[PDB]
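Only one chain is given next, in structure tokens, and it is the form deposited in one PDB entry.
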């Protein structure tokens, strides 16, 4: 029991999405963002380990292969419940455990309708992402209108 074709393609999609060089490597800083864009946010420590097992050679970079292999060995102990909870956490501002039913709806049904699973990828590529994955949303609005 390994990673299906879809999973692989998912990891490949997230990695490439935050790998501006277009080559096949990403800094340790971008690793955290790649993970979060996958639904699992690692602790500063968990990420640290990952960077070591891969490029503990202080080079700071990570190759898609070394990353894919790493993702497979850890994709064993990973329940779908974690990823979903992270998705809802995005709506929790104060972190108090609650979210607005309205925002949830408006984001899932409205904005989800106006955007295809492939337009989000492109908009992020075209837009200029921060070194922490942070983006100025007016760019998404400007390109959607």
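So that the term is clear: the rigid core is the largest set of C-alpha atoms that superpose within 1.5 Å between two forms. Positions refer to the first chain, counted from 1. Residues that one form lacks are left out of the comparison.
This next part talks about the form deposited in another entry, which is not shown.
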ask   = Any CA movement of 2 Å or more for residue 23 between the shown form and the other one, core superposed?
value = yes
task = Take the rigid core as the frame of reference and indicate whether the C-alpha of residue 138 shifts by 2 Å or more between the shown form and the other one.
result = no
request  = After fitting on the rigid core, list every run of 3 or more consecutive residues where each C-alpha shifts 2 Å or more between the shown form and the other one, in sequence order.
outcome  = 1-10, 20-25
